[PDB]
Every structure is written in C-alpha cells, then in structure tokens.
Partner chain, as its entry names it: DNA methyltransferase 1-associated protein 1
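Listed next as structure tokens is one chain, alone, in the form solved without its partner chain.
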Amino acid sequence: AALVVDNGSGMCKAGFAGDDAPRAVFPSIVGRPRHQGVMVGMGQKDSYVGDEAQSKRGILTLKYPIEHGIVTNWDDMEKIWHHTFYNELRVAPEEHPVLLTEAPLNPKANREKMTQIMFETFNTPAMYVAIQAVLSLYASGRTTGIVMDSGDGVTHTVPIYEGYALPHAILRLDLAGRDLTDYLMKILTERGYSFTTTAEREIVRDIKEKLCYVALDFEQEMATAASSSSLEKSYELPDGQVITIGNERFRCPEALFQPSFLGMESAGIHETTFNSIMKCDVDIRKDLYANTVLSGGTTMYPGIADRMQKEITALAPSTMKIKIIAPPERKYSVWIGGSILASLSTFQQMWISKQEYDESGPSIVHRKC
C-alpha cells in the first residue's frame, strides 16, 4: 500500500493509496514558544507542528516552512514529514513506498532535496515525484485539458494534452491565496480593525474562507454597497468581539482578476489562462478551451467559475466554446489524482529504487521524472 503526501504551501494532505477524501489533513505550520514557561509540571515541548500548533497559537509564532512552493527552511520540514508518517498515519516508511507531488517550474535543488531525505533519513523503499497539475486533470476523469491551480503562493496554468504535459506553455503567477490574506488585513484597517501578528493572520484567513465571494461585475457591485448596506456581514472573533465587513467581502477575492490593486504588473489570473492557451498549437486549442478545469483551494470562492467564463469569452473569439469545469472536491483534486496512480499495477515499473538512487545520488530524479 503506497503513500501519497501532497505537500502544500499553506496546508498539507496525506493518506494511503487507492483512496479519496484525504485522511491525514493538517496545515503545514511549525510554531515554537515565544514566552518563558514558568510552570515546571507541564511537559512543554520544543516545537509544535501541525494541528497542535493551531490550537495553542496564542503563545506560538506559527512559521511557514514553505513559501511560494520553494522551500525556505528544510530543518523544520523534516519534522513535518516525520510528524505525518509516525503520528498521523502510524506507518513505518521503511516498508511502504511513498509518492510525492511538486509544483511545475521550480528550482532543481528543491526536488533534489526531497530525494535525499526520503532515502536515508526515512529509508523509503521507493519514491516518485509528479507534477501537481497533471494529477489534477485525471482527478476530473479527463486526459486533455488545461489545469488552472491556485494555492497559497503558486498560481500555475499547465496545458495538458495526454498523460504527458506541455512544458512549453506552463505559466506561473505569484498571486495566490496567501498574498490575498495579507491584502485582506490591509483593507481591514480602513474600518478600524488592525491585525499584525502571525496569530492574527490565521484569523483573517478564516474571515476570507467564510465571508468572501467573487462579484460578477465589480463596477456594478460597488454602487450597491455604497448606496445601501445590503451586503454587510458580521463575524465573531475568538475573544468574543464581532466585526462587520462591507465591500471588503468581494474586493480581496477579485485582486486575482485585477492585480493592479496589489501593485503587481502581472496580468490577471483570468488572462494568464487565456495567454497560456495561445502558446499551444492552433489545432490543439479546440480541446484545450472546453476543458478548463479549475483546482486548488483558492478557486473555491462563490462565483469564481461564473466570473472566469464571462471574462474568458471577451478575449477569446466567438468561434470557440468555453466550459469552466468545477469538480465538487476541487480542493483536494491534487491528492485524489495521485491516489489512483499508485493503484495501477503498471506504475510499479516506474519507481525510483534505492539501488538506482545509490548509483546516481539525488540527480536521478531529473532524468527519470
């Protein structure tokens, strides 16, 4: 029974093979105590990783070991992988092969480091690495379609034609969810609410994850909010106070489609899907326009599928139909797509054995995967 460990920028997923609805799901967070522990009786640990660090976030610091896909700190991630394998899954990695996922267009050093860690620190019998968006396609059942994935810091649009991707037209944008959360707390200050600490960062993420929607027409929706308070909602803080958000509900989700608010020259996430299409063949675009499957947690705003279809239509010629798919479990599309890979008996021959790694080192991954 192989394993799948889809590490994410802001939250990680884990579970066995031949499964859906990932089992061991906890945020990729590492926090260490900030103050001095007066109590002696308590068994305070050096660091809290995962779900434990979220409950006690009042005194912790909540450092992210992964940012924009590229791993900044590798010392703490070994805690995360050890945490995933031993406590959450309770499985010895020395007997069961492990699968990994990784974003496209990333430095070769990052994926080489994972190869080193699993084979000596964990001593996995075999390991494989696959692109995230390729897993996202045949999690929807198809094999020919552009995958537009948006996580915390990575927004990559990978056109796909078959079991093989198209590296020529792979695009990327640093406009994903984590950047929007920092924007939400920036626009919460005009209302008199200030959020600065990393503990108060997680609070703002829950405001976005519950009271934020994508407006079909931003220009029209602005007049409705200003004319009357027909869109205001109230949210309760853990301490007990309640705050009200007006036009901040749709302003921060829409920065994807107008990144000029964030001060970035990059074109909108709607346009980066259209531009990524024109980099492929003219014959190919027929199948690539009707299968624009959306994946990733950031693509779960209410009305995002409707908004994308309207804006893509204006850019594209009328001769081509547009169909923005949206599977019900689009949040965990990456995990389930890789889950069926290990189920196949044919995939056994596509492993990176320890003997192969020993004779080639970490460089074996580049020629194989």
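Positions refer to the first chain, counted from 1.
Missing here is the form deposited with its partner chain bound; even so, the following discussion is about that form.
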property: Which of 294 to 302, 227 to 235, 117 to 125, 206 to 214 lines the interface with its partner chain in the bound PDB entry (heavy atom within 4.5 Å); result: 117 to 125
property: Contact of residue 112 with its partner chain in the bound PDB entry (heavy atom, 4.5 Å); result: yes
property: Residues from 330 to 369 in contact with its partner chain (non-hydrogen atom within 4.5 Å) in the bound PDB entry; result: 348, 349, 351, 354, 356, 357, 358, 359, 360, 361, 362, 368
